[PDB]
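First up is the structure itself, then whatever we jot down about it.
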Amino acid sequence: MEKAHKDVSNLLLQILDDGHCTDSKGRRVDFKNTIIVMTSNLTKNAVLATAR
Amino acid sequence: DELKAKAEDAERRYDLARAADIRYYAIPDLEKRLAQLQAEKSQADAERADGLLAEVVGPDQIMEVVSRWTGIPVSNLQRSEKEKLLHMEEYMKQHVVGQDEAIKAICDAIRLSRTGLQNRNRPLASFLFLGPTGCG
Amino acid sequence: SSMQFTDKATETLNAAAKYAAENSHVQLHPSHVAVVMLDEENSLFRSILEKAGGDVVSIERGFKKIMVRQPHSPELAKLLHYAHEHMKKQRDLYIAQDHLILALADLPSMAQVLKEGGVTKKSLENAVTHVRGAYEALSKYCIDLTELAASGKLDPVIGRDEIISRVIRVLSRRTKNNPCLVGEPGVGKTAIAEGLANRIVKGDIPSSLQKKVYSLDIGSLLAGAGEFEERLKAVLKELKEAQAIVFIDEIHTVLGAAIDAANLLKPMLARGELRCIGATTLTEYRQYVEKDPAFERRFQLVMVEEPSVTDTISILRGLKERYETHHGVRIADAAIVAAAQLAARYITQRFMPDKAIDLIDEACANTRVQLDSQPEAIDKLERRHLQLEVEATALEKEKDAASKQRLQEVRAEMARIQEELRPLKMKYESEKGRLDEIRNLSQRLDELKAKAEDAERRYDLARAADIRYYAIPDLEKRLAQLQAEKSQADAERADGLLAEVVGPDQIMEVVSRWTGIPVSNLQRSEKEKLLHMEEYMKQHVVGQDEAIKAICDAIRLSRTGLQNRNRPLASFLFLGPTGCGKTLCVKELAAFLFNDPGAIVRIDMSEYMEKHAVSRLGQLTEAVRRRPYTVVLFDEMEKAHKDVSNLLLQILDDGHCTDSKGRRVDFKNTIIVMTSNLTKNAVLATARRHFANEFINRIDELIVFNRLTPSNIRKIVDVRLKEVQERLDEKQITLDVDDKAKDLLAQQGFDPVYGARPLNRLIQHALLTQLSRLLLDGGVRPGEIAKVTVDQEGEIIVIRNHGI
Amino acid sequence: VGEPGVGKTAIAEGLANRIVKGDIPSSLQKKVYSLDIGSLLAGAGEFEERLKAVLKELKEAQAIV
Amino acid sequence: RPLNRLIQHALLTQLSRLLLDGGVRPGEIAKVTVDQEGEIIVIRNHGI
Ligand SMILES: Nc1ncnc2c1ncn2[C@@H]1O[C@H](COP(=O)(O)OP(=O)(O)O)[C@@H](O)[C@H]1O
Ligand SMILES: Nc1ncnc2c1ncn2[C@@H]1O[C@H](COP(=O)(O)OP(=O)(O)O)[C@@H](O)[C@H]1O
Ligand SMILES: Nc1ncnc2c1ncn2[C@@H]1O[C@H](COP(=O)(O)OP(=O)(O)O)[C@@H](O)[C@H]1O
Ligand SMILES: Nc1ncnc2c1ncn2[C@@H]1O[C@H](COP(=O)(O)OP(=O)(O)O)[C@@H](O)[C@H]1O
């Protein structure tokens with residue numbers, strides 16, 4: 001989750017706030033039971049400061 | 001079940017005297033007899049030390065069909081919810097050995113959003129795996 | 001049975017009697033029908049006879065000699081009887097001009113002239129086969145608006161006096177005599193032409209205009225096949241010889257295109273032999289009218305502006321009686337004003353008055369179900385009595401020692417419910433036939449008012465004299481008596497007072513359902529919100545005492561009337577370091593003034609920094625049109641170029657932005673907030689140098705944030721821990737924190753070099769972490785007051801009382 | 001509005017149970033009818049004559065479909 | 001430039017507060033004088 005622009009970054013922000021995304025067909029899938037995990041690569045104090 | 005289906009037609013066919021005989025006499029009499037036979041049958045299960053079982057449809061019967069279609073045994077589904085989150089940090093350390101400070105932080109965000117300490121508008125947990133790869 | 005004749009076939013016998021009246025005649029002979037058909041433009045009686053041969057001149061001269069020998073004719077009665085008997089014989093095709101040929105061939109008096117002229121009887125069979133395969137076409141393919149307007153079957157038009165009067169001036173001109181109601185799908189376009197037809201019968205139109213109004217149906221002309229040319233040319237021919245104005249709904253779909261249909265309307269509108277009234281959308285108006293220079297020469301731009309909140313109230317007063325008849329309810333006067341004010345401040349689906357009528361239709365329909373299907377206040381007592389009555393009867397038939405004791409407890413609770421259910425059940429049975437009678441007595445009076453007005457307008461003072469003077473005055477006493485006895489009986493039940501009269505509380509229920517805003521937030525007026533605004537912001541945002549007062553000083557000056565209507569609500573420019581209260585202050589603004597935290601759009605400058613994305617500020621223009629009361633947040637304003645600030649200059653100066661589709665979005669009631677991370681005197685002068693000298697002067701308040709003081713840290717932990725206890729009130733768990741634990745977390749999380757972000761993370765990784773640990777093993781049980789104090793080694797720990 | 005599988009046929013079937021019972025307002029009684037498209041195409045303009053007769057019977061009787 | 005902001009942050013600020021609670025009724029004459037402290041204040045003409 002680092003090889004993309006800013007289109008998919010702003011779409012995933014509303015999931016962590018409202019809890020559901022706006023579907024193109026017209027649905028509101030509630031993400032209250034779906035965990036969100038990511039994988040990237042950006043002692044341990046200087047590593048997390050790069051991804052910020 | 002026959003009197004239950006016939007009682008629905010009484011409220012539609014405009015029958016006040018007919019509905020007063022089913023919704024006030026047929027239902028109570030048919031429910032007391034069914035509940036009486038269930039209590040007398042359960043008393044004979046302990047007087048023989050091997051009574052007729054395999055009749056109470058519950059967690060032991062619903063989980064058996066799912067276990068055959070998927071593959072996960074029934075013993076992995078009959079566990080309590082309040083007991084799985086306590087031993088969750090100890091089960092992940094069996095195969096993954098080396099990240100003693102990372103596995104403990106995983107259960108900190110899951111056990112907090114399931115006890116009312118987190119807003120319901122947010123998902124379960126939000127993680128961000130960083131650092132070099134190959135750790136797990 | 002009954003026969004059905006078209007308007008063209010009906011006027012055929014009338015036109016034949018007019019020609020015979022000048023030649024001194026007392027009866028109408030069927031031979032006069034063939035004479036009228038031979039004097040029309042592109043008639044069908046001549047082309048059909050040409051295929052079979054014969055001599056039409058010998059037949060035409062033979063029919064003219066029969067009418068001279070004449071002294072309802074007895075021979076005409078046989079023609080009307082044959083049209084009714086042979087109306088169920090052949091196959092398809094109704095009645096028209098070609099079907100009347102076979103009716104004249106069956107008459108013995110007309111068959112002798114045909115046989116002696118040329119075309120015999122056998123030639124008429126093969127002649128009508130090859131040709132096979134308001135007037136005539138104005139009845140099935142068109143709908144006359146003046147007919148439904150004079151018959152009392154049209155909704156009143158109130159509030160369009162400034163638009164209808166302008167269309168009359170356009171039709172009276174020599175050139176550009178084709179009005180086009182250019183507007184939007186929601187401001188009203190078809191109802192505008194409805195009021196013009198009302199002034200035609202009354203006589204309010206000038207003498208220069210005497211035409212009619214015909215609604216051209218687009219879907220009716222496309223019924224079937226190829227064969228579209230025979231249906232379109234028939235409508236234009238009937239409108240030329242009759243001189244009438246046709247109305248075309250959505251002209252962008254029929255004029256400008258699959259099957260070519262706009263080519264038949266260009267020569268008619270150019271020679272002045274046709275007058276059309278357009279009503280399309282401005283979006284498609286610039287692609288079908290302004291594109292062709294020949295269309296602009298005949299069409300005139302007529303703008304349709306959406307009415308304000310003052311005219312919308314008068315619009316609902318006209319359609320108030322229409323809903324009081326169908327719904328059978330009483331609409332109060334206070335619900336009309338509140339409907340026009342709540343239709344543009346919370347929900348927005350169309351425009352005025354379209355977005356205001358649905359609130360009255362939905363509110364009046366909710367009372368229909370809540371009264372005939374037993375109200376909730378009455379059904380609640382019946383459901384509780386049904387569960388106790390079925391249980392008491394089961395214990396009476398069972399003789400047991402434990403059944404007699406349980407029956408006494410059920411009977412004690414059954415007598416209390418039955419004491420209050422009988423006065424409500426017996427009253428509901430009497431009000432069932434009385435409330436349904438009001439709707440039955442109102443729908444009949446509505447139809448009598450329509451038939452009474454139709455007779456007075458069609459010169460018939462013999463039928464309407466028994467309706468307005470007898471059928472109506474004798475029925476208003478019974479309808480008013482049932483409405484007075486019903487309102488008095490509702491007060492005796494002490495419940496369901498707002499279940500039959502649509503009032504202010506009834507309109508707020510529909511708005512609260514179509515969004516999610518609680519009812520308690522709807523009753524709060526706009527005047528009381530500006531008074532208790534400073535006390536609400538201090539409860540969530542502390543430390544910035546000089547910034548909260550500056551926000552209210554820029555909003556109160558725009559609502560009273562001390563500033564011109566050329567700027568939005570309040571333009572802000574937040575500065576200071578990060579983590580000082582730039583994002584939380586924006587979220588708290590919409591939760592009090594807008595009553596919608598989710599209505600805050602976020603347009604980041606990470607993707608709109610390029611010059612190609614400047615025109616999409618458009619995506620931002622279209623987004624704010626759907627939701628008027630929105631919060632536009634400008635994050636990372638320091639990274640924006642000069643093209644962004646130049647586009648927002650016309651918004652704060654003219655009050656609106658130039659839309660790409662020619663629309664106009666109102667930017668008067670829209671807040672303008674920004675976010676930037678640029679002692680306090682040199683910080684403010686830095687932001688004024690990067691931007692232009694004019695953009696910084698237009699901004700009202702220039703709030704400059706500062707770092708958090710150590711004295712305000714103690715207040716942060718007092719209001720942050722309160723939200724944790726509020727989320728645990730559902731489990732009956734009281735969270736109490738002593739003064740010792742409130743001072744340890746305040747001296748460790750103090751980090752002014754970054755903001756208040758590491759502040760709450762230290763509490764969650766210590767206080768909130770160990771609190772959820774005891775909620776799974778058996779430490780803290782739902783129903784015990786928890787205690788959090790400081791231990792002996794200095795660590796936030798939760799005091800437990802139960803083991804594992 | 002819904003995907004073919006969420007339950008749309010039972011909505012019209014459950015509404016007919018409340019019509020005969022009396023849960024609907026007596027001032028405006030409706031009747032539920034099922035317009036099957038398979039029986040209308042059993043002949044052959046046959047479809048234009050069979051469908052027009054069904055819609056006429058619903059306007060003079062005040063009922064849904 | 002500071003003159004346009006001084007008349008709004010002193011004379012127009014206290015004037016808008018009286019128009020929201022009941023200080024200046026529509027139909028009276030507003031009087032703005034200088035008090036003994038030294039600040040442009042808006043004197044109301046209505047009881048609290
Ligand atoms: N404790 C372990 N024992 C054995 N294999 C492991 C262990 N931890 C990680 N691995 C292996 O290392 C690999 C890491 O793959 P990874 O880089 O995560 O793939 P991706 O980049 O597609 O997510 C896995 O395929 C896994 O098999
Ligand atoms: N003066 C008025 N009084 C009552 N209703 C009006 C008035 N003006 C417009 N309307 C309503 O606005 C609606 C406009 O409908 P129409 O022009 O067909 O499409 P659109 O809703 O897209 O404009 C009409 O249904 C009418 O009831
Ligand atoms: N006045 C305040 N008192 C206590 N906490 C605050 C205050 N203002 C902001 N916060 C905290 O700051 C967080 C939001 O920070 P944010 O405004 O996004 O920082 P930035 O302005 O750097 O973007 C919130 O979680 C809130 O708890
Ligand atoms: N009494 C009922 N209770 C619950 N679900 C029902 C009931 N009656 C019908 N359904 C559901 O409605 C669905 C109807 O399916 P079907 O008629 O095939 O297509 P559609 O879902 O489009 O109507 C069924 O899948 C069934 O599960």
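As shown in the structure tokens, the chain order sets the letters A, B, ...; within each chain, residues go from 1, and ligands are also counted from 1 in the order they appear.
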
In segment 2-131 of chain B, DSSP alpha helix (DSSP H) residues written as an MDAnalysis selection string:
chainID B and resid 2:10 16:21 27:42 59:69 81:84 88:91 100:103 106:110

May I ask you to write as a PyMOL selection string all residues lying at most 10 Å from ligand 3, with only C-alpha atoms and all ligand atoms counted?
chain C and resi 537-545+574-587+635-636+675-677+705+708+712-720+754-761

Exercise: segment 62-64 of chain D partners within 7 Å, only C-alpha atoms, chain neighbours under 6 positions left out, as a PyMOL selection string:
chain D and resi 30-33

Produce as a VMD selection string the set of residues near ligand 4, where near means within 12 Å with only C-alpha atoms and all ligand atoms considered.
chain D and resid 1 to 15 17

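In this structure, the chain B residues at most 10 Å away from chain D are residues 8, 9, 10, 11, 12, 13 and 14 of chain B, with only C-alpha atoms considered.
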
Need to verify the contact set: segment 11-23 of chain A, 12 Å, only C-alpha atoms, exclusion of same-chain residues closer than 3 positions in sequence. Can you return it as a count of residues only?
33

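If you count only C-alpha atoms and ignore residues fewer than 2 places along the chain from residue 22 of chain E, what sits within 12 Å of it is residues 527, 528 and 531 of chain C; 15, 16, 17, 18, 19, 20, 24, 25, 26, 44, 45, 46, 47 and 48 of chain E.
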
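Residues of protein or nucleic acid lying within 12 Å of ligand 1, counting only C-alpha atoms and all ligand atoms, are residues 1, 37, 38, 39, 40 and 41 of chain A; 92, 93, 94, 95, 96, 97, 98, 99, 129, 130, 131, 132, 133, 134, 135 and 136 of chain B.
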
Kindly provide, as an NGL selection string, all nucleotide and amino acid residues lying within 6 Å of ligand 2, counting only C-alpha atoms and all ligand atoms.
:C and (157-160 or 185-191 or 315 or 353-354)

Leaving out residue 734 of chain C and any residue of its chain fewer than 6 positions from it, which residues lie within 8 Å of it when counting only C-alpha atoms, given as a PyMOL selection string?
chain C and resi 725+728+784-786

Put those residues in a file: C-alpha atoms, as a PDB file, in the first residue's frame.
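Resulting contents of selection_6.pdb:
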ATOM      1  CA  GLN C 725     -17.628   7.241  30.752  1.00  0.00           C
ATOM      2  CA  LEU C 728     -19.795   2.857  29.131  1.00  0.00           C
ATOM      3  CA  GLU C 784     -19.703  -1.983  39.682  1.00  0.00           C
ATOM      4  CA  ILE C 785     -18.148   1.463  40.046  1.00  0.00           C
ATOM      5  CA  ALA C 786     -14.570   1.333  38.777  1.00  0.00           C
TER       6      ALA C 786
END

Could you name the residues that touch residue 212 of chain C at 9 Å or less, counting only C-alpha atoms, but leaving out those on the same chain fewer than 4 positions away, as a ChimeraX atom specification?
/C:144-146,197,200,243-246

Could those selected residues go to a file with N, CA and C atoms, as an mmCIF file, in the first residue's frame?
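Saved the output as result.cif:
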data_model
loop_
_atom_site.group_PDB
_atom_site.id
_atom_site.type_symbol
_atom_site.label_atom_id
_atom_site.label_comp_id
_atom_site.auth_asym_id
_atom_site.auth_seq_id
_atom_site.Cartn_x
_atom_site.Cartn_y
_atom_site.Cartn_z
ATOM 1 N N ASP C 144 -55.560 18.781 -24.939
ATOM 2 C CA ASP C 144 -55.886 20.199 -24.849
ATOM 3 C C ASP C 144 -55.865 20.645 -23.393
ATOM 4 N N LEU C 145 -54.998 21.611 -23.081
ATOM 5 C CA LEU C 145 -54.898 22.111 -21.716
ATOM 6 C C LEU C 145 -56.073 23.008 -21.346
ATOM 7 N N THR C 146 -56.633 23.732 -22.318
ATOM 8 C CA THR C 146 -57.768 24.604 -22.038
ATOM 9 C C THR C 146 -59.033 23.822 -21.710
ATOM 10 N N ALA C 197 -53.554 29.212 -19.647
ATOM 11 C CA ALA C 197 -54.824 28.756 -20.200
ATOM 12 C C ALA C 197 -56.010 29.156 -19.333
ATOM 13 N N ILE C 200 -57.406 32.518 -20.507
ATOM 14 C CA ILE C 200 -57.990 32.553 -21.844
ATOM 15 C C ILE C 200 -59.510 32.500 -21.768
ATOM 16 N N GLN C 243 -55.575 27.525 -36.332
ATOM 17 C CA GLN C 243 -54.876 28.609 -35.649
ATOM 18 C C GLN C 243 -54.856 28.389 -34.140
ATOM 19 N N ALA C 244 -53.855 27.660 -33.653
ATOM 20 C CA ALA C 244 -53.742 27.372 -32.231
ATOM 21 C C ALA C 244 -52.272 27.291 -31.852
ATOM 22 N N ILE C 245 -52.003 27.507 -30.567
ATOM 23 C CA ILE C 245 -50.651 27.460 -30.020
ATOM 24 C C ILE C 245 -50.455 26.102 -29.360
ATOM 25 N N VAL C 246 -49.417 25.385 -29.779
ATOM 26 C CA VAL C 246 -49.112 24.057 -29.259
ATOM 27 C C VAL C 246 -48.020 24.177 -28.206
#

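Using only C-alpha atoms for every distance, the candidate list C:646, C:769, C:481, C:693 yields C:769 as the residue closest to chain B.
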
Return as a list in words the residues belonging to chain C that are within 10 Å of chain E, counting only C-alpha atoms.
residues 526, 527, 528, 529, 530, 531, 550, 552, 553, 554, 555, 556, 557, 558, 559, 560, 561, 562, 563, 697, 700 and 701 of chain C

Just write the chosen residues, C-alpha atoms, as a PDB file, in the first residue's frame.
ATOM      1  CA  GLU C 526     -31.714  30.109  14.286  1.00  0.00           C
ATOM      2  CA  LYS C 527     -31.972  32.955  16.816  1.00  0.00           C
ATOM      3  CA  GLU C 528     -31.312  30.777  19.877  1.00  0.00           C
ATOM      4  CA  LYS C 529     -28.296  29.114  18.235  1.00  0.00           C
ATOM      5  CA  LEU C 530     -26.352  32.373  17.841  1.00  0.00           C
ATOM      6  CA  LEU C 531     -26.895  33.245  21.517  1.00  0.00           C
ATOM      7  CA  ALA C 550     -13.346  35.837  16.891  1.00  0.00           C
ATOM      8  CA  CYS C 552     -18.789  34.486  16.533  1.00  0.00           C
ATOM      9  CA  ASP C 553     -17.854  38.068  15.595  1.00  0.00           C
ATOM     10  CA  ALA C 554     -17.777  37.124  11.892  1.00  0.00           C
ATOM     11  CA  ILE C 555     -21.032  35.117  11.814  1.00  0.00           C
ATOM     12  CA  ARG C 556     -23.341  37.395  13.820  1.00  0.00           C
ATOM     13  CA  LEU C 557     -22.513  40.327  11.513  1.00  0.00           C
ATOM     14  CA  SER C 558     -23.877  38.423   8.488  1.00  0.00           C
ATOM     15  CA  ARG C 559     -27.246  37.298   9.910  1.00  0.00           C
ATOM     16  CA  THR C 560     -28.575  40.533  11.433  1.00  0.00           C
ATOM     17  CA  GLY C 561     -28.176  42.694   8.323  1.00  0.00           C
ATOM     18  CA  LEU C 562     -25.105  44.854   8.968  1.00  0.00           C
ATOM     19  CA  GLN C 563     -23.321  43.743   5.785  1.00  0.00           C
ATOM     20  CA  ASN C 697      -7.861  42.109   2.608  1.00  0.00           C
ATOM     21  CA  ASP C 700     -12.707  39.098   7.626  1.00  0.00           C
ATOM     22  CA  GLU C 701     -11.110  37.420  10.656  1.00  0.00           C
TER      23      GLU C 701
END

Can you check which residues of chain C have any atom within 6 Å of chain D? Use only C-alpha atoms and format it as a ChimeraX atom specification.
/C:372-373,436

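Atom pair atom CA of residue 65 of chain C / atom CA of residue 45 of chain C has a distance of 19.0 Å (rounded to one decimal).
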
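Among the candidate residues C:678, C:394, C:536, C:804, the one lying nearest to chain B is C:394, with distances computed using only C-alpha atoms.
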
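Selecting chain C residues within 9 Å of chain A and counting only C-alpha atoms yields residues 598, 604, 606 and 607 of chain C.
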
I need the chain B residues near chain C as a PyMOL selection string; criterion: at most 6 Å, counting only C-alpha atoms.
chain B and resi 24+28+82+112
